Amino acid sequence: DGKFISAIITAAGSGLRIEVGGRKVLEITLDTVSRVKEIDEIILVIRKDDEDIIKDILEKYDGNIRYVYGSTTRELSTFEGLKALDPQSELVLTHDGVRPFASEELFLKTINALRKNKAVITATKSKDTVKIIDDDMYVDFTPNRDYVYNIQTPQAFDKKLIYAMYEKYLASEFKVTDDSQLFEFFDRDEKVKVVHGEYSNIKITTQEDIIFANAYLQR
Amino acid sequence: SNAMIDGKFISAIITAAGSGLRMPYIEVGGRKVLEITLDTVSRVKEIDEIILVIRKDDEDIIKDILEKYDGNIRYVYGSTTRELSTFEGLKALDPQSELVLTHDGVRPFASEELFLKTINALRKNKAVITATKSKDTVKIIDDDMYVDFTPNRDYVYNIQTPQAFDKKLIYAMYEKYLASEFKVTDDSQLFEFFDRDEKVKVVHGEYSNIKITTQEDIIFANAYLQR
Ligand SMILES: [Cl-]
Ligand code: NA
């Protein structure tokens, strides 16, 4: 396709408080995402308190990047990203700012899945055995492990689609696990495609992740 | 044994017959992983005996490790799968054994309290497993790599160990398993394969109770210990 593609990178949770390999975590993420030339614009969703750090980080980069303030939930912040998208935007990729190890290949794979799908997510087969349990803390059943996947990021969507879904989401009293669950809640015929992710594509939040992350770079 | 559980004799089977003690020795904080585990289990006085299931190649180092312990602790050789190893452990239990707890030798961080909680659940249940609510969001997907559905997140758990069972029951289930062509994810799934109406009780586990197998896990375990 020749469509305009937007990337929204969220850093509006705990924000920048984090640095691994002598680089702020968001910068590593930013580095990787800025090399994906298929992506026409990058929108950072940030905490207002980190505005100065962010402005500074963005000086290092040329090309189409800008930021907007996040909000009080994950979904409210994403929607702030969505409203900020270029009017030309036809496809949107989303990615956690605190997942710095997503390879360029993974962003590319997520994007290429948009050729024939309107919704795409990344996920990996769970290495830990899952059980579904009941409300009395007894096992209900053990799902087939070959079909149990843990989601990560990036995700990507037809921009008009997910925007309309987000608008319906905010008019509702529904709670969702992630954006792709919206296609279930709002009875969609649109199938959500899964792209195999990377086991090294971890979230870096705790103090130990940082240590682990410093070691991973060294290997 | 435990007074609240009819004074029934309790056995523990610790499996260390995977890659076993070596991977280069599996060490964390300056101590062999199996030693940290065995240290914890041997402090649980409710457990009447401890059976280690080992690789034959690790026997000499196993003996050296076991000298430090006074208790009713011994070892048998394991086999070629987790399950066949567990069965060697089950065959070696004291004739008086009425309850059996199993635990992975490479899960060194399970607290003593977690073992006690697992044992106390045997008071009213014949099967007990430890598990933790999944912090990562799970999807069930299909053969064409599309999302089938997102399970209700409050009911999605990742299992760990210990697990524990009525001894005759788990032994009988094991004989059925051996005579079958089923493959199980863990021992408690035996209850589903053989149509048991005895329910498997879930005890909240510990997020810190990780398995140590890869070089990554060791890095992670050390960062946890230095925290
Ligand atoms: Cl479905
Ligand atoms: Na049930």
Side-chain angles (χ1 to χ4, degrees), chain A residues 128-131 133 137-139 142, chain B residues 1-2 4-5 8-18 33-54 71-73 75 78 82-83 85-90 92-94 97-133 157-167 169-171 173-174 184-191 198-213 221:
Chain A
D128 297 308
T129 298
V130 163
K131 295 189 191 267
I133 68 145
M137 294 291 287
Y138 288 95
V139 170
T142 308
Chain B
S1 71
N2 194 320
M4 292 288 283
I5 320 175
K8 291 165 165 181
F9 190 110
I10 304 175
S11 304
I13 294 176
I14 305 296
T15 56
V33 169
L34 181 57
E35 282 186 283
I36 304 161
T37 305
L38 202 47
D39 271 356
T40 296
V41 181
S42 67
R43 296 200 322 264
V44 180
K45 308 285 102 168
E46 283 74 17
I47 292 167
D48 298 290
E49 77 180 346
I50 300 178
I51 307 307
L52 286 162
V53 187
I54 69 166
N72 190 7
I73 305 193
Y75 65 84
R82 187 196 60 77
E83 289 81 23
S85 287
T86 297
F87 196 63
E88 290 306 299
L90 292 165
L93 297 184
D94 195 283
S97 183
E98 293 215 72
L99 300 167
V100 50
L101 173 147
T102 62
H103 182 75
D104 298 334
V106 296
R107 291 186 183 266
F109 304 133
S111 64
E112 187 182 322
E113 190 205 32
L114 183 59
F115 289 99
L116 293 178
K117 284 156 60 189
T118 306
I119 289 176
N120 289 341
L122 290 162
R123 188 177 53 91
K124 291 156 70 188
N125 305 283
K126 299 201 160 194
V128 182
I129 66 178
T130 44
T132 53
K133 184 180 281 163
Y157 285 58
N158 300 121
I159 71 176
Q160 44 184 237
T161 78
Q163 297 191 334
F165 312 90
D166 181 277
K167 185 257 173 185
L169 187 52
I170 196 59
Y171 192 101
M173 291 302 97
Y174 250 85
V184 304
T185 56
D186 71 294
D187 299 328
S188 75
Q189 191 179 27
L190 289 178
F191 285 71
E198 297 101 341
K199 294 215 158 164
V200 182
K201 182 72 194 184
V202 179
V203 159
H204 290 290
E206 286 159 359
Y207 286 106
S208 53
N209 188 23
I210 59 168
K211 216 188 194 294
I212 311 303
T213 55

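Each chain gets a letter, A, B and so on, in the order its sequence line appears, and its residues count up from 1. All heavy atoms count here, side chains included; hydrogens, waters and symmetry mates do not.
- Inter-residue side-chain proximity for A/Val139 and B/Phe191 is flagged as unmet; no heavy-atom pair is nearer than 4.5 Å.
- Checked against side-chain contact (heavy atoms from CB on, under 4.5 Å), B/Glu83 has the following partners two or more places apart in sequence or in another chain: B/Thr81, B/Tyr174, B/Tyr177, B/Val184.
- Once rounded to the nearest 0.5 Å, the distance linking CE of B/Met173 with NZ of B/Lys126 reads 11.0 Å.
- Side chain of B/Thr15 to main chain of B/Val53: no donor-acceptor pair is present (N/O by atom type, distance under 3.5 Å, no hydrogens or angles).
- Considering only heavy atoms from C-beta on, B/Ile73 stays 4.5 Å or farther from B/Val41 through its side chain.
- Distance alone, capped at 3.5 Å, places no donor-acceptor pair between the B/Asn72 side chain and the B/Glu49 backbone.
- Looking at B/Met4 and B/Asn120, their side chains never come closer than 4.5 Å, going by heavy atoms from C-beta outward.
- The two atoms that bring B/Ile129 and B/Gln163 nearest to each other are CG2-NE2, 3.6 Å, heavy atoms only.
- Looking only at side-chain heavy atoms (C-beta outward), B/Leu122 and B/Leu101 stay at 4.5 Å or farther from each other.
- The two residues B/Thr118 and B/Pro162 make their nearest non-hydrogen contact at OG1-CG, 3.4 Å.
- Using the six-membered ring where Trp is involved, B/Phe87 and B/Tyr171 have ring planes that are tilted, between 30° and 60° apart.
- No donor-acceptor pair closer than 3.5 Å links the side chain of B/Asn125 to the backbone N or O of B/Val128.
- Across every non-hydrogen atom of B/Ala16 and B/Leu34, the tightest pair is CB-CD2, 3.8 Å.
- Around the NZ atom of B/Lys167, the shell of radius 6.0 Å holds more than 12 heavy atoms that belong to other residues, nucleotides or ligands.
- The nearest pair of heavy atoms linking B/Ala12 to B/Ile47 is CB-CG2, 3.8 Å.
- Residues B/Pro108 and B/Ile212 approach most closely at CD-CG1, 3.8 Å, considering heavy atoms.
- Between the OG1 atom of B/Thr130 and the CZ atom of B/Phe115 there is a distance of 8.5 Å, given to the nearest 0.5 Å.
- To the nearest 0.5 angstrom, B/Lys117 atom NZ is 7.5 Å from B/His204 atom NE2.
- Contact check for A/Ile133 versus B/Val200: no side-chain heavy atoms found under the 4.5 Å cut-off.
- Distance check: B/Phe109 CZ to B/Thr40 OG1 gives 9.5 Å after rounding to the nearest 0.5 Å.
- Separation of atoms CG (B/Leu38) and NE2 (B/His103) is listed at 10.5 Å; rounding is to 0.5 Å.
- Put simply, the side chain of B/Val100 does not reach to within 4.5 Å of the side chain of B/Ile51, judged on heavy atoms.
- With a 4.5 Å cut-off on side-chain heavy atoms, B/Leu99 and B/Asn2 do not count as touching.
- Among residue pairs with one or both ends in residues 99-114 of chain B, those qualifying as salt bridge (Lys or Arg N to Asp or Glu O under 4.0 Å) are B/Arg43-B/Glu112, B/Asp104-B/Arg107; sequence neighbours excluded.
- Every residue was checked against the side chain to side chain donor-acceptor pair (under 3.5 Å) condition with B/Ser208, not counting sequence neighbours, and none meets it.
- Side chain of B/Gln160 to main chain of B/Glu206: a donor-acceptor pair is present (N/O by atom type, distance under 3.5 Å, no hydrogens or angles).
- For B/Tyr157, the ring-ring contact (aromatic ring centres under 6.0 Å, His included) criterion is met by no residue, not counting sequence neighbours.
- A salt bridge links B/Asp187 to B/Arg82: one of the charged nitrogens lies within less than 4.0 Å of a carboxylate oxygen.
- Across every non-hydrogen atom of B/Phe165 and B/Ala127, the tightest pair is CD2-CB, 3.6 Å.
- Legend: residues meeting ring-ring contact (aromatic ring centres under 6.0 Å, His included) with B/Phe9, ordered by chain and number and at least two apart, are absent.
- For the salt bridge (charged side-chain N to carboxylate O under 4.0 Å, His left out) test, no residue two or more places apart in sequence or in another chain qualifies with B/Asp94.
- B/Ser1 and B/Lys8 are not linked by any side-chain donor-acceptor pair at a separation below 3.5 angstrom, with hydrogens and angles left out of the test.
- Taking OG1 of B/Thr132 as the reference point, atom CD1 of B/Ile210 lies at 12.0 Å (rounded to 0.5 Å).
- The shortest distance between side-chain heavy atoms of B/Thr102 and B/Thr161 does not fall below 4.5 Å.
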